[PDB]
Every structure is written in C-alpha cells, then in structure tokens.
Amino acid sequence: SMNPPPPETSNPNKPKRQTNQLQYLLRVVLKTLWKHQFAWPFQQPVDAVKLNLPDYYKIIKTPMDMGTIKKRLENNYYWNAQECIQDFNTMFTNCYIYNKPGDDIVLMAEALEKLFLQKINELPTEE
Ligand SMILES: CCNC(=O)C[C@@H]1N=C(c2ccc(Cl)cc2)c2cc(OC)ccc2-n2c(C)nnc21
C-alpha cells in the first residue's frame with residue numbers, strides 16, 4: 028500500500044501575505060477546531076496504509092486536512108482568507124464523499140463544520 032505525497036505546505040514561488048483575516052483563521056478558526064474532541068482524525072493527512080483504505084486516494088483526488096492547513100497558516104502559505112476557507116471546505120467535502128451517511132466520522136466532520144461556520148460567520152473585515 029502507498030500514500031500519495033502530502034499537499035504542498037511550502038512554495039517560495041507562491042506569493043504570500045499575513046493579513047488580519049488569515050490571523051483570525053489561525054488564532055480563532057484553526058485553534059477552535061484543533062482542540063475539539065473530534066479533531067484527531069483530521070489533524071494529519073489520511074493514512075490509507077495504516078487505516079487499510081486502499082481505495083481512498085482512488086476516490087479522493089484533492090486531499091486536505093487540518094495538519095496541512097495548520098502548516099499553511101503557520102508558514103504564511105496563503106495570499107487570502109478564501110484559499111484557507113476552501114481548504115477547510117475541501118476537507119469536509121472529502122469526508123462526506125468517501126464515507127457513508129451517519130458514519131461516526133461524518134458526525135465528527137459535521138460537529139467541526141458547525142463550529143467552522145460559526146467562526147467564519149464573524150470573519151473580520153480586512154484592515
Ligand atoms: C470503512 C472505514 N472507513 C474509514 O476508516 C474512513 C476514515 N475514518 C476515520 C474514523 C475516525 C473516527 C471514527 Cl470514530 C471512525 C472512523 C478516520 C480515522 C483516522 O485515524 C487516524 C484518520 C482518518 C479518518 N477518516 C477521515 C478524516 N475521513 N475518512 C476517514
């Protein structure tokens with residue numbers, strides 16, 4: 028069994044910013060989800076080898092996780108908040124696409140997504 032390379036978290040060619048919205052995405056949004064009891068399956072890329080999911084990366088072609096998002100935020104990988112918000116939404120969508128309705132993992136994603144939406148609802152205006 029083989030995992031793909033992880034998503035990119037570093038690229039000197041990619042233009043970067045440190046904005047108040049991106050700071051909020053780290054300090055409020057990422058931190059709130061990371062500390063949650065249901066955070067652990069989402070704190071690193073899906074390990075298809077260890078989890079015995081040989082079809083995971085056959086079905087999921089745009090992998091994303093909070094480990095990657097955390098690295099992207101801490102290393103100022105993004106230009107804007109929209110990029111980061113998309114990463115969170117890709118993470119949730121992947122979970123819903125791969126898994127069955129009512130699965131424990133789907134309920135975990137839903138609880139995290141509820142908090143995500145609550146926090147992004149009060150994304151600050153750009154300074
Ligand atoms: C048929 C079995 N299905 C799975 O294992 C899917 C897997 N399901 C889980 C998972 C996590 C928690 C529970 Cl209670 C049940 C399943 C999961 C657990 C992990 O442990 C390190 C990593 C990624 C996960 N994950 C994510 C994220 N999206 N799908 C899955």
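Residue numbers for the sequence shown follow our numbering, beginning at 28 and rising by one. Virtual Cβ for every residue (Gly too), placed ideally from N, Cα, C.
query = According to the Cβ coordinates, are residue 92 and residue 69 closer than 7 Å?
reply = Yes; because the gap between Cβ atoms is below 7 Å, this pair is in contact.
query = Between residue 131 and ligand 1, is the CB less than 6 Å from at least one heavy atom?
reply = Within the cutoff, so yes.
request  = Using beta-carbon positions only, say whether residue 136 and residue 48 come within less than 7 Å of one another.
outcome  = Contact flag unset, no.
request  = Quick one: give me the first and last residue of the alpha helix (DSSP H) that residue 115 is part of.
outcome  = Note, residue 115: alpha helix (DSSP H), 108-125.
Residue 73 CB to nearest heavy atom of ligand 1 below 6 Å = Because some heavy atom of ligand 1 lies under 6 Å away, the Cβ of residue 73 counts as near it: yes.
inquiry  = Measuring straight from C-alpha to C-alpha, what distance separates residue 145 and residue 46?
reply    = C-alpha separation (whole angstroms): 20 Å.
message = Using CA atoms only, rank isn't needed, just tell me which of 31, 32, 36, 28 is closest to residue 99.
response = Measuring from the Cα of residue 99, the nearest candidate turns out to be 36.
ask   = Mind checking whether the beta-carbon of residue 78 lies closer than 6 Å to any heavy atom of ligand 1?
value = Answer for residue 78: yes, Cβ within range of ligand 1.
request  = Under 8 Å Cβ to Cβ from residue 142, same chain only, skipping five residues before and after it: list those, please.
outcome  = Closer than 8 Å at Cβ, skipping near neighbours: 59, 60, 63.
task = In angstroms with no decimal places, state the Cα-to-Cα distance between residue 131 and residue 122.
result = Spanning the two alpha carbons is a distance of roughly 11 Å.
query = How about residue 68: is its Cβ closer than 6 Å to a heavy atom in ligand 1?
reply = It does: the Cβ of residue 68 is within 6 Å (strictly closer) of some heavy atom of ligand 1.
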